[PDB]
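Single-structure report; data block below.
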Amino acid sequence: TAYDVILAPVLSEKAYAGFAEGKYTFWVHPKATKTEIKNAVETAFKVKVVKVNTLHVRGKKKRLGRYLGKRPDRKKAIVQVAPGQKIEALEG
Amino acid sequence: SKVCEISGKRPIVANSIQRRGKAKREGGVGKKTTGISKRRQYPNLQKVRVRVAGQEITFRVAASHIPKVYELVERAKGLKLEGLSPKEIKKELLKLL
Amino acid sequence: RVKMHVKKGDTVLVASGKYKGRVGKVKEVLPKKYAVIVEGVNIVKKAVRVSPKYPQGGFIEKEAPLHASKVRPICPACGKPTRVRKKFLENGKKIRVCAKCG
Amino acid sequence: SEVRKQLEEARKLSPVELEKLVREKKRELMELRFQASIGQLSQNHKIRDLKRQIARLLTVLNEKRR
RNA sequence: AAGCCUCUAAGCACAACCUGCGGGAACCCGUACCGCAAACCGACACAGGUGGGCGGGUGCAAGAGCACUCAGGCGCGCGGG
RNA sequence: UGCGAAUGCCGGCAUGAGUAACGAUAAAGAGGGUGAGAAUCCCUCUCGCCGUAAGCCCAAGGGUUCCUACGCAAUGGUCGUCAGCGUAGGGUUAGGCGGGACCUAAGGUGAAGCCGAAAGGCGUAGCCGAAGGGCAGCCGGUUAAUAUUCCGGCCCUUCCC
RNA sequence: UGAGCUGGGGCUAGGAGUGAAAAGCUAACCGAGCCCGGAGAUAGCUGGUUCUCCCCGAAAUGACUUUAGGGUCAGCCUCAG
RNA sequence: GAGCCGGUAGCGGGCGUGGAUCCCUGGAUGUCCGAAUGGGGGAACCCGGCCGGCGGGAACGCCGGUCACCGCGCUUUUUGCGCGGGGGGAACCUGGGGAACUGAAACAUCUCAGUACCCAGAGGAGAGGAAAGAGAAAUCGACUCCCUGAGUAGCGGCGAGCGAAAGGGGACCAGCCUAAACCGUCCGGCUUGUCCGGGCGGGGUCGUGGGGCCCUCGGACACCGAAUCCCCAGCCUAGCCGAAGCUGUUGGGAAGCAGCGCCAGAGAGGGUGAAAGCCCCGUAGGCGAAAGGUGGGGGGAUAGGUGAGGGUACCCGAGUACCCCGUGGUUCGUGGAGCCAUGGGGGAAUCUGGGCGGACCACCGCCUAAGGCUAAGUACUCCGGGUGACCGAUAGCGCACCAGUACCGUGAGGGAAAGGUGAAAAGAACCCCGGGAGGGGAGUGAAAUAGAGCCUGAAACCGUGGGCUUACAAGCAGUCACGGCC
Ligand SMILES: [Mg+2]
Ligand SMILES: [Mg+2]
Ligand SMILES: [Mg+2]
Ligand SMILES: [Mg+2]
Ligand SMILES: [Mg+2]
Ligand SMILES: [Mg+2]
Ligand SMILES: [Mg+2]
Ligand SMILES: [Mg+2]
Ligand SMILES: [Mg+2]
Ligand SMILES: [Mg+2]
Ligand SMILES: [Mg+2]
Ligand SMILES: [Mg+2]
Ligand SMILES: [Mg+2]
Ligand SMILES: [Mg+2]
Ligand SMILES: [Mg+2]
Ligand SMILES: [Mg+2]
Ligand SMILES: [Mg+2]
Ligand SMILES: [Mg+2]
Ligand SMILES: [Mg+2]
Ligand SMILES: [Mg+2]
Ligand SMILES: [Mg+2]
Ligand SMILES: [Mg+2]
Ligand SMILES: [Mg+2]
Ligand SMILES: [Mg+2]
Ligand SMILES: [Mg+2]
Ligand SMILES: [Mg+2]
Ligand SMILES: [Mg+2]
Ligand SMILES: [Mg+2]
Ligand SMILES: [Mg+2]
Ligand SMILES: [Mg+2]
Ligand SMILES: [Mg+2]
Ligand SMILES: [Mg+2]
Ligand SMILES: [Mg+2]
Ligand SMILES: [Mg+2]
Ligand SMILES: [Mg+2]
Ligand SMILES: [Mg+2]
Ligand SMILES: [Mg+2]
Ligand SMILES: [Mg+2]
Ligand SMILES: [Mg+2]
Ligand SMILES: [Mg+2]
Ligand SMILES: [Mg+2]
Ligand SMILES: [Mg+2]
Ligand SMILES: [Mg+2]
Ligand SMILES: [Mg+2]
Ligand SMILES: [Mg+2]
Ligand SMILES: [Mg+2]
Ligand SMILES: [Mg+2]
Ligand SMILES: [Mg+2]
Ligand SMILES: [Mg+2]
Ligand SMILES: [Mg+2]
Ligand SMILES: [Mg+2]
Ligand SMILES: [Mg+2]
Ligand SMILES: [Mg+2]
Ligand SMILES: [Mg+2]
Ligand SMILES: [Mg+2]
Ligand SMILES: [Mg+2]
Ligand SMILES: [Mg+2]
Ligand SMILES: [Mg+2]
Ligand SMILES: [Mg+2]
Ligand SMILES: [Mg+2]
Ligand SMILES: [Mg+2]
Ligand SMILES: [Mg+2]
Ligand SMILES: [Mg+2]
Ligand SMILES: [Mg+2]
Ligand SMILES: [Mg+2]
Ligand SMILES: [Mg+2]
Ligand SMILES: [Mg+2]
Ligand SMILES: [Mg+2]
Ligand SMILES: [Mg+2]
Ligand SMILES: [Mg+2]
Ligand SMILES: [Mg+2]
Ligand SMILES: [Mg+2]
Ligand SMILES: [Mg+2]
Ligand SMILES: [Mg+2]
Ligand SMILES: [Mg+2]
Ligand SMILES: [Mg+2]
Ligand SMILES: [Mg+2]
Ligand SMILES: [Mg+2]
Ligand SMILES: [Mg+2]
Ligand SMILES: [Mg+2]
Ligand SMILES: [Mg+2]
Ligand SMILES: [Mg+2]
Ligand SMILES: [Mg+2]
Ligand SMILES: [Mg+2]
Ligand SMILES: [Mg+2]
Ligand SMILES: [Mg+2]
Ligand SMILES: [Mg+2]
Ligand SMILES: [Mg+2]
Ligand SMILES: [Mg+2]
Ligand SMILES: [Mg+2]
Ligand SMILES: [Mg+2]
Ligand SMILES: [Mg+2]
Ligand SMILES: [Mg+2]
Ligand SMILES: [Mg+2]
Ligand SMILES: [Mg+2]
Ligand SMILES: [Mg+2]
Ligand SMILES: [Mg+2]
Ligand SMILES: [Mg+2]
Ligand SMILES: [Mg+2]
Ligand SMILES: [Mg+2]
Ligand SMILES: [Mg+2]
Ligand SMILES: [Mg+2]
Ligand SMILES: [Mg+2]
Ligand SMILES: [Mg+2]
Ligand SMILES: [Mg+2]
Ligand SMILES: [Mg+2]
Ligand SMILES: [Mg+2]
Ligand SMILES: [Mg+2]
Ligand SMILES: [Mg+2]
Ligand SMILES: [Mg+2]
Ligand SMILES: [Mg+2]
Ligand SMILES: [Mg+2]
Ligand SMILES: [Mg+2]
Ligand SMILES: [Mg+2]
Ligand SMILES: [Mg+2]
Ligand SMILES: [Mg+2]
Ligand SMILES: [Mg+2]
Ligand SMILES: [Mg+2]
Ligand SMILES: [Mg+2]
Ligand SMILES: [Mg+2]
Ligand SMILES: [Mg+2]
Ligand SMILES: [Mg+2]
Ligand SMILES: [Mg+2]
Ligand SMILES: [Mg+2]
Ligand SMILES: [Mg+2]
Ligand SMILES: [Mg+2]
Ligand SMILES: [Mg+2]
Ligand SMILES: [Mg+2]
Ligand SMILES: [Mg+2]
Ligand SMILES: [Mg+2]
Ligand SMILES: [Mg+2]
Ligand SMILES: [Mg+2]
Ligand SMILES: [Mg+2]
Ligand SMILES: [Mg+2]
Ligand SMILES: [Mg+2]
Ligand SMILES: [Mg+2]
Ligand SMILES: [Mg+2]
Ligand SMILES: [Mg+2]
Ligand SMILES: [Mg+2]
Ligand SMILES: [Mg+2]
Ligand SMILES: [Mg+2]
Ligand SMILES: [Mg+2]
Ligand SMILES: [Mg+2]
Ligand SMILES: [Mg+2]
Ligand SMILES: [Mg+2]
Ligand SMILES: [Mg+2]
Ligand SMILES: [Mg+2]
Ligand SMILES: [Mg+2]
Ligand SMILES: [Mg+2]
Ligand SMILES: [Mg+2]
Ligand SMILES: [Mg+2]
Ligand SMILES: [Mg+2]
Ligand SMILES: [Mg+2]
Ligand SMILES: [Mg+2]
Ligand SMILES: [Mg+2]
Ligand SMILES: [Mg+2]
Ligand SMILES: [Mg+2]
Ligand SMILES: [Mg+2]
Ligand SMILES: [Mg+2]
Ligand SMILES: [Mg+2]
Ligand SMILES: [Mg+2]
Ligand SMILES: [Mg+2]
Ligand SMILES: [Mg+2]
Ligand SMILES: [Mg+2]
Ligand SMILES: [Mg+2]
Ligand SMILES: [Mg+2]
Ligand SMILES: [Mg+2]
Ligand SMILES: [Mg+2]
Ligand SMILES: [Mg+2]
Ligand SMILES: [Mg+2]
Ligand SMILES: [Mg+2]
Ligand SMILES: [Mg+2]
Ligand SMILES: [Mg+2]
Ligand SMILES: [Mg+2]
Ligand SMILES: [Mg+2]
Ligand SMILES: [Mg+2]
Ligand SMILES: [Mg+2]
Ligand SMILES: [Mg+2]
Ligand SMILES: [Mg+2]
Ligand SMILES: [Mg+2]
Ligand SMILES: [Mg+2]
Ligand SMILES: [Mg+2]
Ligand SMILES: [Mg+2]
Ligand SMILES: [Mg+2]
Ligand SMILES: [Mg+2]
Ligand SMILES: [Mg+2]
Ligand SMILES: [Mg+2]
Ligand SMILES: [Mg+2]
Ligand SMILES: [Mg+2]
Ligand SMILES: [Mg+2]
Ligand SMILES: [Mg+2]
Ligand SMILES: [Mg+2]
Ligand SMILES: [Mg+2]
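Chains as they are written, first to last, in the deposited numbering: chain AT, 3 to 94; chain AZ, 2 to 98; chain AU, 2 to 103; chain AW, 4 to 69.
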């Protein structure tokens, strides 16, 4: 289920800029708690997590003619890997 | 809740009829009605404090069925519970079947 | 669910329409539109895609579907209605003369 | 088809082992996601199979506990 | 009313609470932008309405007044004759 | 089952009419740029108006309106190359800020209990209830867009052992 | 500086509330809010009532009527025998 | 039984005769809210206790499980355990409450009306139901429902108006359990007993009165038998088989016309380029369930049921009958006012007892109150189906179309518009003008004033062209004449 807490990497200039320091950002499950995301990343990428920052990302309203709807709400975690470590899976 | 705990008599609805004129059976042209309106008739509810086992029990009953409380008090047989012996004295001991 | 009386393999003859008479192998069956595509009713699509793959190319000549009713199956004879016969497993389409394909 | 085999393999195979196997496919899935995430680095139909395959183990796990 | 301090009761007093040091642990929600207004209440990019804080300088008896002005912001979403 | 009328009903199109008006009399001018197209977008200079504001920061309420790229059919009282508009992508980071694993206020709810044809109405404690009480973060740097939230420096709180 | 103004949180309402009293106000019309319903209330009043041809063709008086611009009987029109 | 990964093409991939998609049955999973039920709360959020697990894991967090309240029953008030309730449902049903407009051509009794509506409760139905009944016949026999009786009998400011029952004809069909006397038993109270009381069992259930107890006869294999259990048929929830035509011709297209045929337990109907019994789907006629539901039908069990005579006088439902006051129900509006119901007061009896036959009395009869259950015939239609001298997009549901939506309203609530190219997208490559839009050729088509603001395309309304006409004439605009010009 730890591979259920972590959904996908957030791919953006801002996100990439985070790699410089030990800071990797992920799309996580919206109900997932900071404490849960530590362990989730801890056991997913064999790393020591030290700080966890999260924030909700409201869905953007979009229409396709006549019918207007909304995209799913999301949650981003920016995770702080311990000094010297690295997620190689994201370094690409 | 203006209802007898023993007979179950509860308030009923009845008309108040205003009649006037001399009866026909008295050489009058007959009676005339100047109004009919609804009203309640409540049963003559009263308190009955009666000591049972070690406890004081209070029944809200129609004056008519007060005797029934004391008859229900005669039936005695092991019961050191709370102020809720009536729960036992009640229908449990009323007609049961 | 859309009975349908001819399959991919079958050898059908176009019983009516413009290609009345022609005989062909049904390439595709389309139960949703209740239609089959054989070798008759083919048309001229204006192939825009000058830009993507298929450059220059002005047109194309794909074969359009046919109301499934517009065709009939055949075998050592003309077209047939279909009769279904029970064996000792399950049934099979036999024409009103012999049998239909291996 | 290729599936009935896996179903037979899964059945008759401990719950602890089943949970192990699930946790595994669950991880593979995450990887399928990340590939798809960075686009052009995946081939759909696999995300569905696996997702649906993880369901099959979990339902057999259910039987074996029921 | 709690935090807080003190008092003692059951209990417990190789517990416990107090002080100091050390290591570790510290969750959920909000956070964009508008906000005297074209983004809020008034069918409108509506001369109306909307609570708290800051609100510089010079002069004028004083002042948040008046005139001119900093920072900053505007010439108001049809124009020409 | 026959419509011309019901200030009839629904719809369409007329007249007034190229008429009133284009929403504060704070105010405009030129050069250059972009572009199919420019009084209306960009830049420069000059001019004018606000300045206890028409500047700035909070709380409501609003809910993508935010930043950027590509766009002008419509929305914009004109025009638009521009936009708070269309498409797409990005953007909101907290033990210390606010609220909650704190407190109580009016009031609300309500074990006990009381009352009422039914629905239900009361009501002690308790509980809920805040812009009140309580409680530990100040100065800078950084992004197109967040920062007492990220970073840097210095500084504290509670919990567990 | 006061019977002052104002944010936030609350309570009171339809024959009811609230009112330093105007029958004021109770969501832009209050001598009794709004919504749905009884409901197609009732309207002796007003308006409207749709193809064609043929024959005949009135009344606006009398009686009574809480009746008087409404009716009942008669009078006058028409049809059948 | 050959195609499939919904509407939905496409990009990018996959699956299927080793039987996929799809359909039916059963199961699994089923976040959060909601009766909502650990506790809060501004529903879909927030915060916990206990046991167990996961992470380095005490602090933190997550996962599984468990914890609301009320009732009944056991049980030792202990403290637990078990069982159940709660909420929803188109209309239908019963109960508790209960209007007004209106009608009376005013209005109060009366009416509207026990309607609307509110509340509680029930279930596929609900109510009712086995005579303390009817009511004049020595009569009938539970209840419900229809027809009739009958707009009768009556009620009524005797106004407006309201309006029974018996009886007859039908549908359906059914009858049972208890309380008490008496007997046994367990238990509790005590002023200890052939005592009282509660709990269970037996007993008993009736109106030609029945039962208890005592005696006599003879009291049984039986005989009846479920509304309960069991089995089965049948039915519902997917399906399957299902006759008989080719050719020519006009045409874009045949099913039209023509030539010879054929089926019919099938000549209902709908498709296919136009008008098809015989091309497609069906139709007549048959067939079909592993699984779940049903099962009122057949079968089988079980519960249960069944005697005569004599004596005894033990029992036969109490704050009840009965009477009176206040009211409701009935057609009965106080009437000569009974009957059924009952808020208040008084207050019995147990077959020689009690109620009723419309005040009361007598006589003659009917029936056995104060406990309970009971299928079917009946009501409704959210739902599935079949039919139409039913609608056909201003109709028909508000909605043929992603409508209880957009939008309006603080809210309860209100509430629309909006269908159609073609047989087939063959939905117009390319070229020209243009920034696009749009158009012009080309091309598709039987048709392109069928080009997607697409079938037909009326009227108002706006244009372009042409004929006649008009700047010394004046009027409901027409009409009758003449004359010109086209
Ligand atoms: Mg946060
Ligand atoms: Mg009276
Ligand atoms: Mg007399
Ligand atoms: Mg009345
Ligand atoms: Mg008495
Ligand atoms: Mg045939
Ligand atoms: Mg098979
Ligand atoms: Mg406290
Ligand atoms: Mg001390
Ligand atoms: Mg001690
Ligand atoms: Mg420390
Ligand atoms: Mg730390
Ligand atoms: Mg921020
Ligand atoms: Mg900000
Ligand atoms: Mg602005
Ligand atoms: Mg601002
Ligand atoms: Mg202002
Ligand atoms: Mg301000
Ligand atoms: Mg501003
Ligand atoms: Mg403006
Ligand atoms: Mg304004
Ligand atoms: Mg505005
Ligand atoms: Mg003013
Ligand atoms: Mg102000
Ligand atoms: Mg100052
Ligand atoms: Mg100054
Ligand atoms: Mg000064
Ligand atoms: Mg001077
Ligand atoms: Mg001065
Ligand atoms: Mg100041
Ligand atoms: Mg000033
Ligand atoms: Mg300036
Ligand atoms: Mg302006
Ligand atoms: Mg007319
Ligand atoms: Mg009209
Ligand atoms: Mg239109
Ligand atoms: Mg004018
Ligand atoms: Mg003018
Ligand atoms: Mg003007
Ligand atoms: Mg102006
Ligand atoms: Mg220039
Ligand atoms: Mg240029
Ligand atoms: Mg200029
Ligand atoms: Mg310029
Ligand atoms: Mg300007
Ligand atoms: Mg806000
Ligand atoms: Mg937007
Ligand atoms: Mg912007
Ligand atoms: Mg731009
Ligand atoms: Mg535009
Ligand atoms: Mg424009
Ligand atoms: Mg414009
Ligand atoms: Mg405007
Ligand atoms: Mg441009
Ligand atoms: Mg935009
Ligand atoms: Mg910090
Ligand atoms: Mg701030
Ligand atoms: Mg806090
Ligand atoms: Mg905590
Ligand atoms: Mg509190
Ligand atoms: Mg209360
Ligand atoms: Mg209550
Ligand atoms: Mg209650
Ligand atoms: Mg709290
Ligand atoms: Mg506070
Ligand atoms: Mg505070
Ligand atoms: Mg704080
Ligand atoms: Mg500091
Ligand atoms: Mg900013
Ligand atoms: Mg800063
Ligand atoms: Mg810092
Ligand atoms: Mg004061
Ligand atoms: Mg105030
Ligand atoms: Mg009122
Ligand atoms: Mg008042
Ligand atoms: Mg006042
Ligand atoms: Mg007002
Ligand atoms: Mg009515
Ligand atoms: Mg009236
Ligand atoms: Mg005539
Ligand atoms: Mg004449
Ligand atoms: Mg009149
Ligand atoms: Mg007359
Ligand atoms: Mg004659
Ligand atoms: Mg799809
Ligand atoms: Mg494909
Ligand atoms: Mg293949
Ligand atoms: Mg099979
Ligand atoms: Mg299923
Ligand atoms: Mg299931
Ligand atoms: Mg809860
Ligand atoms: Mg634990
Ligand atoms: Mg849990
Ligand atoms: Mg129930
Ligand atoms: Mg219910
Ligand atoms: Mg309820
Ligand atoms: Mg009732
Ligand atoms: Mg009722
Ligand atoms: Mg009730
Ligand atoms: Mg009633
Ligand atoms: Mg009335
Ligand atoms: Mg009438
Ligand atoms: Mg009247
Ligand atoms: Mg009248
Ligand atoms: Mg009147
Ligand atoms: Mg009545
Ligand atoms: Mg109900
Ligand atoms: Mg039935
Ligand atoms: Mg029934
Ligand atoms: Mg019953
Ligand atoms: Mg009986
Ligand atoms: Mg009888
Ligand atoms: Mg009389
Ligand atoms: Mg009546
Ligand atoms: Mg009868
Ligand atoms: Mg009969
Ligand atoms: Mg019978
Ligand atoms: Mg005894
Ligand atoms: Mg007994
Ligand atoms: Mg018995
Ligand atoms: Mg018995
Ligand atoms: Mg006897
Ligand atoms: Mg067939
Ligand atoms: Mg056939
Ligand atoms: Mg030809
Ligand atoms: Mg032919
Ligand atoms: Mg022929
Ligand atoms: Mg037939
Ligand atoms: Mg045609
Ligand atoms: Mg046709
Ligand atoms: Mg024909
Ligand atoms: Mg014909
Ligand atoms: Mg046919
Ligand atoms: Mg023929
Ligand atoms: Mg059949
Ligand atoms: Mg079969
Ligand atoms: Mg069958
Ligand atoms: Mg079965
Ligand atoms: Mg049977
Ligand atoms: Mg049987
Ligand atoms: Mg037996
Ligand atoms: Mg005997
Ligand atoms: Mg005897
Ligand atoms: Mg009896
Ligand atoms: Mg009597
Ligand atoms: Mg009497
Ligand atoms: Mg009476
Ligand atoms: Mg009465
Ligand atoms: Mg009277
Ligand atoms: Mg009378
Ligand atoms: Mg009477
Ligand atoms: Mg009466
Ligand atoms: Mg009598
Ligand atoms: Mg009576
Ligand atoms: Mg009584
Ligand atoms: Mg007698
Ligand atoms: Mg009688
Ligand atoms: Mg008599
Ligand atoms: Mg009397
Ligand atoms: Mg009788
Ligand atoms: Mg009985
Ligand atoms: Mg029943
Ligand atoms: Mg239906
Ligand atoms: Mg038709
Ligand atoms: Mg329409
Ligand atoms: Mg319609
Ligand atoms: Mg039409
Ligand atoms: Mg409907
Ligand atoms: Mg409509
Ligand atoms: Mg819809
Ligand atoms: Mg609105
Ligand atoms: Mg709204
Ligand atoms: Mg159309
Ligand atoms: Mg079509
Ligand atoms: Mg067609
Ligand atoms: Mg060009
Ligand atoms: Mg063209
Ligand atoms: Mg052409
Ligand atoms: Mg052609
Ligand atoms: Mg043509
Ligand atoms: Mg053309
Ligand atoms: Mg045409
Ligand atoms: Mg057209
Ligand atoms: Mg056409
Ligand atoms: Mg059109
Ligand atoms: Mg057509
Ligand atoms: Mg057209
Ligand atoms: Mg012209
Ligand atoms: Mg002259
Ligand atoms: Mg002249
Ligand atoms: Mg003139
Ligand atoms: Mg004239
Ligand atoms: Mg002439």
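Backbone N, C-alpha and C fix where the C-beta goes; we use that ideal spot for every residue, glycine too.
Backbone secondary structure at residue i - three-state DSSP
i                      : result
residue 78 of chain AT : strand
Member of the options whose CA lies at the smallest distance from the CA of residue i
i                      : options                      : result
residue 87 of chain AT : AT:28, AT:5, AT:36 and AT:21 : AT:21
residue 18 of chain AU : AU:88, AU:70 and AU:80       : AU:70
Spatial neighbours of residue i in its chain, beta-carbon cut-off 6 angstroms, leaving aside the 5 residues before and after
i                      : result
residue 68 of chain AU : 36
Partners in chain AT for residue i, counting only beta-carbon separations shorter than 7 angstroms
i                      : result
residue 32 of chain AW : 5
Contacting residues, own chain, Cβ-Cβ under 7 angstroms from residue i (five flanking each side not counted)
i                      : result
residue 82 of chain AU : 97
residue 54 of chain AZ : 80, 81 and 86
Under 8 angstroms by beta carbon: chain AT residues contacting residue i
i                      : result
residue 40 of chain AW : 10, 11 and 13
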